[PDB]
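Peer 1: If it helps, the file is called start32.pdb and holds PDB, C-alpha atoms:
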```
ATOM      1  CA  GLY A   1       0.000   0.000   0.000
ATOM      2  CA  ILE A   2       1.317   3.410   0.982
ATOM      3  CA  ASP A   3       4.503   2.072   2.521
ATOM      4  CA  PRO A   4       6.944   4.490   4.190
ATOM      5  CA  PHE A   5       9.955   5.135   1.995
ATOM      6  CA  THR A   6      11.952   7.898   3.610
ATOM      7  CA  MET A   7      15.743   8.246   3.316
ATOM      8  CA  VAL A   8      16.038   4.536   4.018
ATOM      9  CA  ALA A   9      15.987   2.867   0.634
ATOM     10  CA  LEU A  10      19.388   1.711  -0.537
ATOM     11  CA  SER A  11      20.154   2.690  -4.097
ATOM     12  CA  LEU A  12      21.370  -0.447  -5.817
ATOM     13  CA  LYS A  13      22.514  -0.957  -9.383
ATOM     14  CA  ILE A  14      21.146  -4.280 -10.527
ATOM     15  CA  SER A  15      23.268  -5.744 -13.282
ATOM     16  CA  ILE A  16      21.426  -8.358 -15.321
ATOM     17  CA  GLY A  17      24.036  -9.749 -17.670
ATOM     18  CA  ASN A  18      24.487  -6.745 -19.935
ATOM     19  CA  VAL A  19      21.735  -4.391 -18.782
ATOM     20  CA  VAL A  20      21.999  -2.238 -15.651
ATOM     21  CA  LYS A  21      18.872  -1.241 -13.745
ATOM     22  CA  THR A  22      18.639   1.120 -10.796
ATOM     23  CA  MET A  23      16.466  -0.120  -7.934
ATOM     24  CA  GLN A  24      15.961   1.056  -4.389
ATOM     25  CA  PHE A  25      15.260  -1.347  -1.559
ATOM     26  CA  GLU A  26      14.598  -0.964   2.147
ATOM     27  CA  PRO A  27      17.552  -1.412   4.566
ATOM     28  CA  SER A  28      16.088  -4.770   5.457
ATOM     29  CA  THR A  29      14.179  -5.889   2.341
ATOM     30  CA  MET A  30      15.651  -9.390   2.510
ATOM     31  CA  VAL A  31      16.506 -11.271  -0.674
ATOM     32  CA  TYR A  32      13.080 -12.927  -0.951
ATOM     33  CA  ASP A  33      11.306  -9.542  -0.806
ATOM     34  CA  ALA A  34      13.855  -8.077  -3.207
ATOM     35  CA  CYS A  35      13.484 -10.814  -5.789
ATOM     36  CA  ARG A  36       9.701 -10.387  -5.783
ATOM     37  CA  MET A  37       9.815  -6.640  -6.446
ATOM     38  CA  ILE A  38      12.680  -6.608  -8.924
ATOM     39  CA  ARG A  39      10.876  -9.260 -10.980
ATOM     40  CA  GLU A  40       7.799  -7.068 -10.691
ATOM     41  CA  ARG A  41       8.994  -3.707 -12.047
ATOM     42  CA  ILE A  42      11.968  -5.070 -14.016
ATOM     43  CA  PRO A  43      10.820  -7.376 -16.864
ATOM     44  CA  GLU A  44      14.460  -8.056 -17.772
ATOM     45  CA  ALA A  45      14.834  -9.864 -14.451
ATOM     46  CA  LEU A  46      12.823 -12.950 -15.356
ATOM     47  CA  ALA A  47      14.513 -14.349 -18.450
ATOM     48  CA  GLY A  48      13.248 -17.665 -17.141
ATOM     49  CA  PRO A  49      11.695 -18.987 -13.914
ATOM     50  CA  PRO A  50      11.953 -16.520 -10.975
ATOM     51  CA  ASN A  51      12.925 -19.378  -8.648
ATOM     52  CA  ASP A  52      16.123 -19.833 -10.658
ATOM     53  CA  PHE A  53      17.121 -16.197 -10.171
ATOM     54  CA  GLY A  54      18.806 -14.861  -7.062
ATOM     55  CA  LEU A  55      20.854 -11.967  -5.743
ATOM     56  CA  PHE A  56      24.592 -12.102  -6.317
ATOM     57  CA  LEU A  57      26.622  -9.328  -4.740
ATOM     58  CA  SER A  58      29.414  -8.546  -7.149
ATOM     59  CA  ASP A  59      32.499  -7.123  -5.519
ATOM     60  CA  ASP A  60      35.361  -7.897  -7.890
ATOM     61  CA  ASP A  61      37.238 -10.835  -6.444
ATOM     62  CA  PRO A  62      35.706 -14.359  -6.748
ATOM     63  CA  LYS A  63      36.225 -14.967  -3.021
ATOM     64  CA  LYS A  64      34.839 -11.606  -1.912
ATOM     65  CA  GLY A  65      31.845 -12.151  -4.161
ATOM     66  CA  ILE A  66      28.952 -13.873  -2.428
ATOM     67  CA  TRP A  67      25.389 -14.997  -2.907
ATOM     68  CA  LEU A  68      22.698 -13.156  -1.044
ATOM     69  CA  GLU A  69      20.470 -15.717   0.652
ATOM     70  CA  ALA A  70      16.849 -15.162   1.664
ATOM     71  CA  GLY A  71      17.925 -15.828   5.237
ATOM     72  CA  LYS A  72      19.560 -12.406   5.521
ATOM     73  CA  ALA A  73      18.817  -8.756   4.793
ATOM     74  CA  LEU A  74      20.572  -6.439   2.344
ATOM     75  CA  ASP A  75      21.980  -3.818   4.741
ATOM     76  CA  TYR A  76      23.077  -6.677   6.997
ATOM     77  CA  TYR A  77      26.067  -6.944   4.651
ATOM     78  CA  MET A  78      27.955  -3.904   3.358
ATOM     79  CA  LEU A  79      25.217  -2.740   1.003
ATOM     80  CA  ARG A  80      24.147   0.836   0.867
ATOM     81  CA  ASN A  81      23.450   3.676  -1.543
ATOM     82  CA  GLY A  82      25.897   2.888  -4.323
ATOM     83  CA  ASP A  83      26.399  -0.884  -4.357
ATOM     84  CA  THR A  84      26.016  -2.871  -7.539
ATOM     85  CA  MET A  85      23.912  -5.978  -6.995
ATOM     86  CA  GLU A  86      23.832  -8.524  -9.771
ATOM     87  CA  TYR A  87      20.480 -10.154 -10.433
ATOM     88  CA  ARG A  88      21.482 -13.358 -12.070
ATOM     89  CA  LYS A  89      20.547 -16.969 -12.442
ATOM     90  CA  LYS A  90      21.326 -18.726  -9.155
ATOM     91  CA  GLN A  91      22.709 -21.517 -11.263
ATOM     92  CA  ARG A  92      25.529 -21.521 -13.792
ATOM     93  CA  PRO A  93      26.325 -23.827 -16.765
ATOM     94  CA  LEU A  94      28.208 -26.791 -15.375
ATOM     95  CA  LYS A  95      29.894 -29.193 -17.764
ATOM     96  CA  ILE A  96      29.619 -32.655 -16.247
ATOM     97  CA  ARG A  97      30.778 -36.034 -17.578
ATOM     98  CA  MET A  98      28.860 -39.075 -16.323
ATOM     99  CA  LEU A  99      30.009 -42.633 -15.587
ATOM    100  CA  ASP A 100      29.758 -43.901 -19.175
ATOM    101  CA  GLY A 101      31.624 -40.782 -20.197
ATOM    102  CA  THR A 102      28.505 -38.973 -21.287
ATOM    103  CA  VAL A 103      28.761 -35.234 -20.875
ATOM    104  CA  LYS A 104      25.915 -32.835 -20.219
ATOM    105  CA  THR A 105      25.622 -29.225 -19.186
ATOM    106  CA  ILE A 106      23.226 -28.680 -16.311
ATOM    107  CA  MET A 107      22.434 -25.488 -14.431
ATOM    108  CA  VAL A 108      23.247 -25.830 -10.755
ATOM    109  CA  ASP A 109      22.791 -23.072  -8.185
ATOM    110  CA  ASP A 110      26.110 -21.637  -7.038
ATOM    111  CA  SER A 111      24.531 -20.374  -3.819
ATOM    112  CA  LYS A 112      24.750 -23.897  -2.363
ATOM    113  CA  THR A 113      27.322 -26.593  -1.519
ATOM    114  CA  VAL A 114      28.523 -29.536  -3.635
ATOM    115  CA  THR A 115      26.376 -32.398  -2.264
ATOM    116  CA  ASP A 116      23.183 -30.520  -3.236
ATOM    117  CA  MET A 117      24.867 -29.883  -6.592
ATOM    118  CA  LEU A 118      25.503 -33.560  -7.195
ATOM    119  CA  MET A 119      21.942 -34.348  -6.133
ATOM    120  CA  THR A 120      20.824 -31.946  -8.809
ATOM    121  CA  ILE A 121      23.177 -33.397 -11.441
ATOM    122  CA  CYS A 122      22.585 -37.104 -10.801
ATOM    123  CA  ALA A 123      18.847 -36.380 -10.724
ATOM    124  CA  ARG A 124      19.067 -35.167 -14.330
ATOM    125  CA  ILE A 125      20.381 -38.550 -15.442
ATOM    126  CA  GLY A 126      17.950 -40.399 -13.227
ATOM    127  CA  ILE A 127      20.283 -41.582 -10.488
ATOM    128  CA  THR A 128      18.785 -41.975  -7.018
ATOM    129  CA  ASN A 129      21.963 -42.795  -5.071
ATOM    130  CA  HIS A 130      23.843 -39.541  -5.623
ATOM    131  CA  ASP A 131      25.545 -39.825  -2.244
ATOM    132  CA  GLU A 132      27.830 -42.537  -3.579
ATOM    133  CA  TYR A 133      29.523 -40.152  -5.961
ATOM    134  CA  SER A 134      32.268 -37.617  -5.553
ATOM    135  CA  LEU A 135      32.905 -34.616  -7.760
ATOM    136  CA  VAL A 136      36.153 -33.923  -9.568
ATOM    137  CA  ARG A 137      36.835 -30.624 -11.314
ATOM    138  CA  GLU A 138      39.410 -30.873 -14.048
ATOM    139  CA  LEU A 139      40.466 -27.293 -14.632
ATOM    140  CA  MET A 140      43.033 -25.159 -16.398
ATOM    141  CA  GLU A 141      44.384 -24.141 -13.003
ATOM    142  CA  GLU A 142      47.763 -22.494 -13.410
ATOM    143  CA  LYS A 143      48.122 -22.421  -9.634
ATOM    144  CA  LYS A 144      46.637 -25.650  -8.313
ATOM    145  CA  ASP A 145      46.731 -27.796 -11.429
ATOM    146  CA  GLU A 146      44.419 -30.353 -10.001
ATOM    147  CA  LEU A 147      41.601 -32.764 -10.646
ATOM    148  CA  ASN A 148      40.008 -30.946  -7.746
ATOM    149  CA  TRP A 149      38.088 -33.730  -6.058
ATOM    150  CA  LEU A 150      35.163 -31.941  -4.436
ATOM    151  CA  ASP A 151      34.783 -32.955  -0.808
ATOM    152  CA  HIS A 152      31.059 -32.091  -0.887
ATOM    153  CA  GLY A 153      31.581 -29.573   1.894
ATOM    154  CA  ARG A 154      33.285 -26.485   0.499
ATOM    155  CA  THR A 155      31.511 -23.860  -1.596
ATOM    156  CA  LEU A 156      32.589 -23.296  -5.184
ATOM    157  CA  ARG A 157      33.679 -19.646  -5.090
ATOM    158  CA  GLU A 158      35.956 -20.397  -2.132
ATOM    159  CA  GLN A 159      37.819 -22.875  -4.321
ATOM    160  CA  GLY A 160      38.410 -20.220  -6.932
ATOM    161  CA  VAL A 161      36.400 -22.196  -9.482
ATOM    162  CA  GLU A 162      35.268 -20.825 -12.818
ATOM    163  CA  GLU A 163      32.160 -21.654 -14.889
ATOM    164  CA  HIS A 164      33.728 -23.125 -18.053
ATOM    165  CA  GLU A 165      35.919 -26.141 -17.181
ATOM    166  CA  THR A 166      34.715 -29.740 -17.379
ATOM    167  CA  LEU A 167      33.819 -31.546 -14.173
ATOM    168  CA  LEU A 168      33.532 -35.307 -13.911
ATOM    169  CA  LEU A 169      31.050 -37.322 -11.885
ATOM    170  CA  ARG A 170      32.948 -40.091 -10.105
ATOM    171  CA  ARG A 171      31.671 -43.179  -8.344
ATOM    172  CA  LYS A 172      32.939 -42.853  -4.787
ATOM    173  CA  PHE A 173      31.238 -45.601  -2.787
ATOM    174  CA  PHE A 174      31.390 -49.200  -3.938
ATOM    175  CA  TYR A 175      27.668 -49.887  -4.264
ATOM    176  CA  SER A 176      28.898 -52.102  -7.111
ATOM    177  CA  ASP A 177      25.413 -52.411  -8.637
ATOM    178  CA  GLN A 178      24.521 -54.483  -5.560
TER     179      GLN A 178
END
```
Write out the structure in this file as structure tokens.
Peer 2:
Amino acid sequence: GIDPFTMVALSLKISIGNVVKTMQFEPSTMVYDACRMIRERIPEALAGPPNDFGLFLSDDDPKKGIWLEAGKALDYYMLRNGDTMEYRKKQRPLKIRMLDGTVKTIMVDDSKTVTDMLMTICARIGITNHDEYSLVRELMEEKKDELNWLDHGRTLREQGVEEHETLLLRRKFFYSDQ
């Protein structure tokens, strides 16, 4: 209705891929309230299903960059009048090779850990026992130079991962078709 919007409405630049929109949000707002309104007035926000779109706070560095979860408010972080807040797909194109060597690209939310990722990936193929698999990221890492066997505990950005290298689904536990 006639909600009170005094000098307490953070001025945020929402970057949606190429386009940049200017939106103001309450100090609180909270991601879930933000995503409802931005989708409302900004038609460029919903290039697909709204549930697949979330708030990424773009700093500069991959580690400093974080996903804004619905379980926290905007101003709770460092956001204020002047921050750029990327409205992007929660998920990003992951290149995954399955057991037979079959590769697919599936969109998995980057705002969540690896186990939930694998659940999402194995579910695309039709695998129920996703817990018996580990993840291994073969990258172009100049630093690490690793297969990067995902422990299923660490978040992706904290590894310094990218969104373009091929990741392999590996059988971890010896269910052995038993």
Peer 1: So what does the PyMOL selection byres ((chain A and resi 40-44) around 10) actually pick up in this one, as a PDB file with C-alpha atoms, in the frame of the given file?
Peer 2:
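Output contents, as saved in part-v2.pdb:
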```pdb
ATOM      1  CA  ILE A  14      21.146  -4.280 -10.527  1.00  0.00           C
ATOM      2  CA  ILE A  16      21.426  -8.358 -15.321  1.00  0.00           C
ATOM      3  CA  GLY A  17      24.036  -9.749 -17.670  1.00  0.00           C
ATOM      4  CA  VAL A  19      21.735  -4.391 -18.782  1.00  0.00           C
ATOM      5  CA  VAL A  20      21.999  -2.238 -15.651  1.00  0.00           C
ATOM      6  CA  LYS A  21      18.872  -1.241 -13.745  1.00  0.00           C
ATOM      7  CA  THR A  22      18.639   1.120 -10.796  1.00  0.00           C
ATOM      8  CA  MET A  23      16.466  -0.120  -7.934  1.00  0.00           C
ATOM      9  CA  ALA A  34      13.855  -8.077  -3.207  1.00  0.00           C
ATOM     10  CA  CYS A  35      13.484 -10.814  -5.789  1.00  0.00           C
ATOM     11  CA  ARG A  36       9.701 -10.387  -5.783  1.00  0.00           C
ATOM     12  CA  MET A  37       9.815  -6.640  -6.446  1.00  0.00           C
ATOM     13  CA  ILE A  38      12.680  -6.608  -8.924  1.00  0.00           C
ATOM     14  CA  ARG A  39      10.876  -9.260 -10.980  1.00  0.00           C
ATOM     15  CA  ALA A  45      14.834  -9.864 -14.451  1.00  0.00           C
ATOM     16  CA  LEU A  46      12.823 -12.950 -15.356  1.00  0.00           C
ATOM     17  CA  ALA A  47      14.513 -14.349 -18.450  1.00  0.00           C
ATOM     18  CA  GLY A  48      13.248 -17.665 -17.141  1.00  0.00           C
ATOM     19  CA  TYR A  87      20.480 -10.154 -10.433  1.00  0.00           C
TER      20      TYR A  87
END
```
Peer 1: Just give me the gap between atom CA of residue 134 of chain A and atom CA of residue 149 of chain A in Å, one decimal is fine.
Peer 2: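 Atom-to-atom, atom CA of residue 134 of chain A and atom CA of residue 149 of chain A are spaced 7.0 Å apart.
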Peer 1: So that I can check the surroundings of residue 140 of chain A, please list as number ranges by chain every protein, DNA and RNA residue that reaches within 12 Å of it, counting only C-alpha atoms and ignoring chain neighbours fewer than 2 positions away.
Peer 2: A: 137-138, 142-148, 160-167
Peer 1: For a test of reading the model, state the distance in Å between atom CA of residue 121 of chain A and atom CA of residue 97 of chain A, rounded to one decimal.
Peer 2: 10.1 Å
Peer 1: So, with all atoms listed in the file as the atoms that count, which of A:115, A:155, A:15, A:81 lies closest to residue 130 of chain A?
Peer 2: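 Distance minimum relative to residue 130 of chain A lands on A:115.
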Peer 1: What does the distance from atom CA of residue 168 of chain A to atom CA of residue 53 of chain A come to in Å, to one decimal?
Peer 2: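 Pair atom CA of residue 168 of chain A / atom CA of residue 53 of chain A returns 25.5 Å.
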Peer 1: Assuming 5 Å of padding per side, give the centre and edge lengths of the axis-aligned box around every listed atom of segment 61-76 of chain A, in Å to one decimal and as lines of an AutoDock Vina configuration file.
Peer 2:
```
center_x = 27.0
center_y = -9.8
center_z = 0.1
size_x = 30.4
size_y = 22.0
size_z = 23.7
```
Peer 1: Looking at A:174, A:133, A:25, A:56, which one is nearest to residue 82 of chain A, with distances taken over only C-alpha atoms?
Peer 2: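 That would be A:25, the residue with the smallest distance to residue 82 of chain A.
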Peer 1: With the cut-off set at 10 Å and counting all atoms listed in the file, tabulate each residue of segment 64-95 of chain A with an atom at most that distance from an atom of segment 3-11 of chain A, showing the nearest atom pair and its distance in Å to one decimal, ordered by chain and increasing number, as JSON lines.
Peer 2:
```
{"residue": "A:74", "atom": "CA", "partner": "A:10", "partner_atom": "CA", "distance": 8.7}
{"residue": "A:75", "atom": "CA", "partner": "A:10", "partner_atom": "CA", "distance": 8.1}
{"residue": "A:79", "atom": "CA", "partner": "A:10", "partner_atom": "CA", "distance": 7.5}
{"residue": "A:80", "atom": "CA", "partner": "A:10", "partner_atom": "CA", "distance": 5.0}
{"residue": "A:81", "atom": "CA", "partner": "A:11", "partner_atom": "CA", "distance": 4.3}
{"residue": "A:82", "atom": "CA", "partner": "A:11", "partner_atom": "CA", "distance": 5.8}
{"residue": "A:83", "atom": "CA", "partner": "A:11", "partner_atom": "CA", "distance": 7.2}
{"residue": "A:84", "atom": "CA", "partner": "A:11", "partner_atom": "CA", "distance": 8.8}
{"residue": "A:85", "atom": "CA", "partner": "A:11", "partner_atom": "CA", "distance": 9.9}
```
Peer 1: Would you mind exporting the chosen residues as a CSV table (one decimal), keeping the file's coordinate frame, restricted to C-alpha atoms?
Peer 2:
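For reference, result-v1.csv as written:
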```
chain,number,residue,atom,x,y,z
A,74,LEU,CA,20.6,-6.4,2.3
A,75,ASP,CA,22.0,-3.8,4.7
A,79,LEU,CA,25.2,-2.7,1.0
A,80,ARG,CA,24.1,0.8,0.9
A,81,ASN,CA,23.4,3.7,-1.5
A,82,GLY,CA,25.9,2.9,-4.3
A,83,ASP,CA,26.4,-0.9,-4.4
A,84,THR,CA,26.0,-2.9,-7.5
A,85,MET,CA,23.9,-6.0,-7.0
```
Peer 1: For this structure, which residues satisfy the selection - the PyMOL selection byres ((chain A and resi 156) around 10) - when it is evaluated on the file as given? I want them as a short mmCIF file (atom, residue, chain, number, x, y, z; two decimals) with C-alpha atoms, in the frame of the given file.
Peer 2:
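Below you can see out.cif, which holds the result:
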```
data_model
loop_
_atom_site.label_atom_id
_atom_site.label_comp_id
_atom_site.auth_asym_id
_atom_site.auth_seq_id
_atom_site.Cartn_x
_atom_site.Cartn_y
_atom_site.Cartn_z
CA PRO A 62 35.71 -14.36 -6.75
CA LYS A 63 36.22 -14.97 -3.02
CA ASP A 110 26.11 -21.64 -7.04
CA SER A 111 24.53 -20.37 -3.82
CA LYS A 112 24.75 -23.90 -2.36
CA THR A 113 27.32 -26.59 -1.52
CA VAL A 114 28.52 -29.54 -3.64
CA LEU A 150 35.16 -31.94 -4.44
CA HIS A 152 31.06 -32.09 -0.89
CA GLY A 153 31.58 -29.57 1.89
CA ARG A 154 33.28 -26.48 0.50
CA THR A 155 31.51 -23.86 -1.60
CA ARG A 157 33.68 -19.65 -5.09
CA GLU A 158 35.96 -20.40 -2.13
CA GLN A 159 37.82 -22.88 -4.32
CA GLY A 160 38.41 -20.22 -6.93
CA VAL A 161 36.40 -22.20 -9.48
CA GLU A 162 35.27 -20.82 -12.82
CA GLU A 163 32.16 -21.65 -14.89
#
```
Peer 1: Running the PyMOL selection byres ((chain A and resi 64-71) around 7) on this model by hand, what would come out? Give it as a ChimeraX atom specification.
Peer 2: /A:30-32,55-63,72,111
Peer 1: Can you find the residues with an atom no farther than 12 Å from (26.6, -42.3, -3.6), counting only C-alpha atoms, and report them as a ChimeraX atom specification?
Peer 2: /A:115,118-119,122,127-135,152,169-177
Peer 1: So which one's closest to residue 12 of chain A, A:86, A:117, A:102, A:52? Using all atoms listed in the file, please.
Peer 2: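 Among the listed residues, the smallest separation from residue 12 of chain A belongs to A:86.
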